[PDB]
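**Q** Here is the sequence, then the experimental structure:
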Amino acid sequence: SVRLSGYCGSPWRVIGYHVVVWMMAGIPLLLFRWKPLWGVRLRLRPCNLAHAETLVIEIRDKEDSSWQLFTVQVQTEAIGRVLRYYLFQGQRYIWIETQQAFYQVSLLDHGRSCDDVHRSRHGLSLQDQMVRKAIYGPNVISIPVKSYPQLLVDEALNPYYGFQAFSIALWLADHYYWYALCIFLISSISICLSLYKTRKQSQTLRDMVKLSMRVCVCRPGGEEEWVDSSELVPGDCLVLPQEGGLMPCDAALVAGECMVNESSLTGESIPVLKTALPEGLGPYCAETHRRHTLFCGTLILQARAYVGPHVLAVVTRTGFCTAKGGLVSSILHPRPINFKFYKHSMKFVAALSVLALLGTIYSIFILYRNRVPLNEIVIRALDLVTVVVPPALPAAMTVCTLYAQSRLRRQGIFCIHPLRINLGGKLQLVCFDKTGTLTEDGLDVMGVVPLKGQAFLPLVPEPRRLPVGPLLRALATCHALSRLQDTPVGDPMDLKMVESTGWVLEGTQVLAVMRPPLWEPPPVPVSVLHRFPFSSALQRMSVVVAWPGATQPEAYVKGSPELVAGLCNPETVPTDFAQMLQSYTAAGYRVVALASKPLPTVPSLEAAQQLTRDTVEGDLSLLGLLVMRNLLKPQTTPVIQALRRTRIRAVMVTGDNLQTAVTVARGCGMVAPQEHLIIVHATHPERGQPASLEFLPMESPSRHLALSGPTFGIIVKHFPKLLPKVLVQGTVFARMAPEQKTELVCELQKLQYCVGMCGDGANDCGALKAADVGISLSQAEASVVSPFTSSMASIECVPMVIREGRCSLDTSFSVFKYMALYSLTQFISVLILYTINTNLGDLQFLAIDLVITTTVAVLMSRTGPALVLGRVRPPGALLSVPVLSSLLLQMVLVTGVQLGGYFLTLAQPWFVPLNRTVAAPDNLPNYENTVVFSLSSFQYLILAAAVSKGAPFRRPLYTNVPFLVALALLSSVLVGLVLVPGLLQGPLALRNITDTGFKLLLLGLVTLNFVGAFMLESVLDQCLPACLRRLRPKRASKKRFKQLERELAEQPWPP
Ligand SMILES: *[C@@H]1O[C@H](CO)[C@@H](O[C@@H]2O[C@H](CO)[C@@H](O)[C@H](O)[C@H]2NC(C)=O)[C@H](O)[C@H]1NC(C)=O
Ligand code: ALF
Ligand SMILES: [Mg+2]
């Protein structure tokens, strides 16, 4: 469905439109452009799609008519005859000139037979390498680092900077030099900080994503060590390293068997067995199988060659095509954040521009009636537009976030992009990674089962209180651990077993001698006679150990419990073992069984110790099983209760097994004991019969759903109508691919849920960016991508960022209301004086614009958040009846006092009219200016105090002593300026009033509007919500999640 079009034109015609916009640099274009689509369409000069410079790709969603616009450069490279390559949206769409046909990179895949990949077991000649290198590019994910001019274009395209630039120009023209400098300097640091930050993030991301490991391509002429790094081709063959190696390319292992860590892909640190691909005549690609294939970013722990000279693999995917590359494409190319407040603010700012256009005509006509010079009128008309639309408004709103960032830094939460703190306020759903976020990172031995008799025996709580004798020996001496300088080096689970007992590891053939904790309530310090490894096929490791009693040694074999049972004698094995194993597996307790064979072998003789691995392990008595699980965390259960009490929903997104997710979620309190959990499985249509949705309930002593990634895939394609019904009711998503984690967050946010991701990353990094609020719980990988990074290493960060957001959004509402009211009250004062051929004097404007607004705006935004989270949520809508009503009614009172005062001043007999001949600047001292300015000054202080709500989301206003002091000291200066004739009257161009009575009445008008404003705001705040229900009782929410929850209330999908 993509709309791809070719382009060419006359060089003079291209230079012509470069004279129109490129000389202008675009900043006028956007000043005359609502949106660029109309311009974009035919700005570029069209041609045959055969030959092009850039390509207009317009991608349409047919269903929603989603005609998204893109323009993409044409790559021309010579293999030996030039081939056309197009780098669309990251990925390579390759154009064959001969067939006039676009073909995307990875269209090679035709379901290439398992046998086809086997046929290409060895990489072809330098001619094949040469062309493949041209077809697929280098084996790298190329993150572009853009230039300061290119970054400056995108930042400075923002229309407000255009308006600020226009404003600063007019201010330098009208001689308002002091404030002009302040707005320019504030802008300069803001743009610079944005540019510096933008470059740094790309630089760090480019550094992090780049992998530089030298590899050995396998070719009969070409199979040599470290022959290349970035040259490895999608068809090429490679030798897997015999030890630890980080895989550069997604590949399939032709020969041998390997153990890999998939922590990048899944987030589970436990090693996974990969075996040599069976040669398959059937035309099947490995994509579906996903089983015998090692992915880019995975670590090969162990690589074992048995059938061949070395472990041998064939590449499948390279560069941007690999899954890692898919995630890099996911973290690049980001959709903008949809926030009702920010768009509604721009609509309100636009509405003020319509009032400015009206104001300009009133200014023009009345000044023309005043018969002022034409020159004056054009500067003054424009000046009013800058009075109406406040040029500092963005800078003011940032001050709220800047404070909240500082509080968060003290709490240990390091937040880049502080405007994202506001999004914290609106969060309705927090999505959680399981491993190293909600649960503890390493599996911990919970207990051991004795098997004393024929049947199994009860689990022992404390390994430190080891039962003294053979179990105590077995647990202490069951080590694969290598001795290190004041440390045991080895596998964490093996370390945990040794640690949990409390025994410490320090003859001719005596190896790694085992000793006690050095408290006696048996010390019996013991030597390991023989040691046999945990081969992945075998699933068993055997340690022969002899205690210092001149006794027969015992051989302890630790293995997978079924294999241990198979090896173990049937009299030793219990019938209940299967049920016990099943129960512990279902509980999420890792079951690893240790068996004992009494051995009639002379100790300290290598001949006696030496036997066949299978013969030693062949028949034994099961000594016990070992049970290990994640312990949730200390603070995990509390945080989830608070979120659930607040009515914020919690969705467990894990890359782990669904059975584990079910038990941890129940423990977490995501699913409470009363709450009923349904398991949803979708069977794919492999037989051609269409896909079947199956719903199975879970029994335990707000109905919600548990899903797997495969199921999610089948629902996202084969049940599109039902996906919404899943998403609004699904609380556990398990075995989810790192792409699927992003996709969950994408489909949640299209349902109008404001969504927050908390995770330790490398798998959820995509979700961390995608989510409106992204919290990293690790300083590596996650930290770089996440807007918010904790160092606390708990879920307890999530409530703090909600609280800080709720304060920040409520403060941001008040600061916008203040900045709106200040611009309008100045707009009234300027127009009121303009009617009489007068203006607010220079240095009077400076008093209001510089000293008053800055002081109240900086000091009103200090208020920290409310102590405890409440069910009520801060409003998201700035363009709404409650806020607009407050502004309209406040302005009526404000206009009232000013007009009343002016006419009262006219009414008094001492009053003398102004010159009206000489101009607004020329008539420096005048009663009308003095009374308007004197009344107006107090209103800016009054409005600031009135708009600060405080109590529900922030600490009480009285707690903000600095703000009250600031208002008190500023109020004193103003009250002094009216009451006493002062030197300052000369600089501020104010005429003293003889009648103290009139001045006391003028203060009277101030105290009327003070009491009035506070009462007017309070009464509206109290009654308007009640009035809303009276006016519209049946009023229903527009948010899609709210509607779907209602539908579900009427009739339940999977009942
Ligand atoms: C108001 O405007 C000015 C204030 O300085 C004064 O007007 C000037 O007065 C002188 C005589 O003192 C005349 O020669 C000028 O023609 C006046 N010019 C203008 C432009 O007004 C005076 O105080 C007031 N003007 C009038 C006309 O009374
Ligand atoms: F640690 Al996870 F999905 F549970 F990355
Ligand atoms: Mg994790």
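**A** All right, it came through fine. Residues are numbered from 1 along each chain as shown. Ligands and ions are numbered 1, 2, ... in the order given.
**Q** Using neighbour counts, pick out the buried residues of the host helix or strand of residue 361.
**A** With elements delineated by DSSP states H and E, residue 361 resides in helix 340-370, which encompasses its position. Judged by neighbour count (16 or more other CB atoms under 10 Å), helix 340-370 contains these buried residues: 340-342, 344-345, 348-349, 352, 355-356, 359-360, 363, 367, 370. C-betas here are computed from N, CA, C, even on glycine.
**Q** Of those residues, which ones also sit close to ligand 1?
**A** Restricting the buried residues of helix 340-370 to those touching ligand 1 (CB under 6 Å from any ligand atom) yields no residues.
**Q** which one is the closest residue to ligand 3 within the stretch 951-1055 of the chain nearest to, not counting chain neighbours?
**A** Per CB to the ion, residue 1041 is where the stretch 951-1055 of the chain lies closest to ligand 3, at 26.5 Å. Once flanking residues are discounted, residue 1041 sits nearest to residue 751: 4.8 Å by CB to CB, 6 or more residues apart in numbering.
**Q** repeat for residue 118
**A** By the measure of CB to CB, 6+ apart, the closest residue to residue 118 outside its immediate chain neighbours is residue 279, 4.7 Å from it.
**Q** for the residue of the chain most remote from its centre, helix, strand, or coil?
**A** Farthest-out residue of the chain from its mean C-alpha position, per CA atoms, centre = their mean: residue 909, at 68.0 Å. Each residue gets one of three states, and residue 909 gets coil by DSSP: H, G, I helix; E, B strand; the rest coil.
**Q** circling back to that earlier point, and the next helix or strand past the helix holding residue 361?
**A** Going down the chain from helix 340-370, the next helix or strand is helix 374-388, by DSSP H and E.
**Q** hmm, back to that, the residue farthest from the centre of the chain and residue 1002: what is the separation?
**A** If you measure residue 909 against residue 1002 using CB to CB, to the nearest Å, the figure is 16 Å.
**Q** For residue 1009, pull up the helix or strand it's in.
**A** When elements are assigned from DSSP H and E, residue 1009 belongs to helix 996-1031.
**Q** What is that helix packed up against?
**A** Helix 996-1031 sits against helix 881-907, helix 927-947, helix 961-979, with contacts defined as 3 or more CB pairs under 8 Å, 6 or more residues apart in numbering; DSSP states H and E.
**Q** Spell out which parts of this protein neighbour ligand 3.
**A** Of all the residues in the chain, those in contact range of ligand 3 (CB under 5 Å from the ion) are 267, 433, 435-436, 760.
**Q** burial of the residue of the stretch 951-1055 of the chain with the smallest separation from ligand 2, as a residue count?
**A** With CB to the nearest ligand atom, the shortest gap between the stretch 951-1055 of the chain and ligand 2 falls at residue 1041, namely 23.5 Å. If you count neighbours by other CB atoms under 10 Å, residue 1041 ends up with 18.
**Q** cool, and the one 3 residues further on?
**A** Applying the criterion other CB under 10 Å, we find 18 residues in the vicinity of residue 1044.
**Q** That one contacts residue 730, doesn't it?
**A** No - taking CB atoms under 8 Å as the definition, residue 1044 is not a contact partner of residue 730, at 11.7 Å.
**Q** Can you name the residue of this protein nearest ligand 1?
**A** Using CB to the nearest ligand atom, residue 915 is the residue of the chain that sits closest to ligand 1, at 3.0 Å.
**Q** Correct me if wrong, but that residue is in a strand.
**A** No - secondary structure assignment places residue 915 outside any strand; it is coil (three-state DSSP).
**Q** Pull up the gap between it and residue 926, please.
**A** Between residue 915 and residue 926 the distance is 8 Å, computed by CB to CB.
**Q** Give the residue from those two that has the larger number of neighbours.
**A** Relative neighbour count places residue 926 above the other of residue 915 and residue 926, with 22 against 11, counting by other CB under 10 Å.
**Q** need the contact list for that one.
**A** By CB atoms under 8 Å, 6 or more residues apart in numbering, the contact set of residue 926 is 838, 914, 991.
**Q** what's near enough to touch the first one?
**A** When you say that, I think you mean residue 838. Residue 838 makes contact with 914, 920, 923, 926, 928-929, according to CB under 8 Å, 6+ apart.
**Q** can you give me the strands for the stretch 451-600 of the chain?
**A** Taking DSSP state E, counting those that start in this stretch as the test, the strands found in the stretch 451-600 of the chain are 482-484, 487-489, 504-505, 511-515, 526-535, 540-546, 554-559, 590-598.
**Q** Filter the residues of the chain next to ligand 3 down to the buried ones and hand me the ChimeraX line.
**A** Selecting only the buried entries of the residues of the chain next to ligand 3 in ChimeraX, with 16+ other CB under 10 Å as the criterion:
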select :267,433,435,436,760
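**Q** now the strands of the stretch 451-600 of the chain as CSV including mean neighbour count and distance to ligand 1?
**A** Formatted as CSV, the entries for those read as follows, by neighbours: other CB atoms under 10 Å; distance: least, CB to the nearest ligand atom, whole Å:
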stretch, mean neighbour count, distance to ligand 1
strand 482-484, 11, 95
strand 487-489, 12, 92
strand 504-505, 16, 100
strand 511-515, 16, 105
strand 526-535, 18, 103
strand 540-546, 23, 105
strand 554-559, 23, 105
strand 590-598, 21, 95
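**Q** Which one of the ones you listed lies nearest to residue 294?
**A** When the strands of the stretch 451-600 of the chain are compared by CB to CB, strand 526-535 sits nearest residue 294, at 19.4 Å.
**Q** Mind giving me the packing neighbours of that closest one?
**A** Here strand 526-535 touches helix 470-477, strand 511-515, strand 540-546, strand 554-559, helix 613-617, going by 3+ CB pairs under 8 Å, 6+ apart.
**Q** Please convert these to JSON lines, extending it with distance to residue 976.
**A** Rendered in JSON lines, the data for the helices and strands packed on strand 526-535 read as follows (distance: least, CB to CB, whole Å):
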{"stretch": "helix 470-477", "distance to residue 976": "84"}
{"stretch": "strand 511-515", "distance to residue 976": "84"}
{"stretch": "strand 540-546", "distance to residue 976": "88"}
{"stretch": "strand 554-559", "distance to residue 976": "87"}
{"stretch": "helix 613-617", "distance to residue 976": "97"}
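**Q** Nearest to ligand 3: which residue in the stretch 251-400 of the chain?
**A** Per CB to the ion, residue 267 is where the stretch 251-400 of the chain lies closest to ligand 3, at 3.9 Å.
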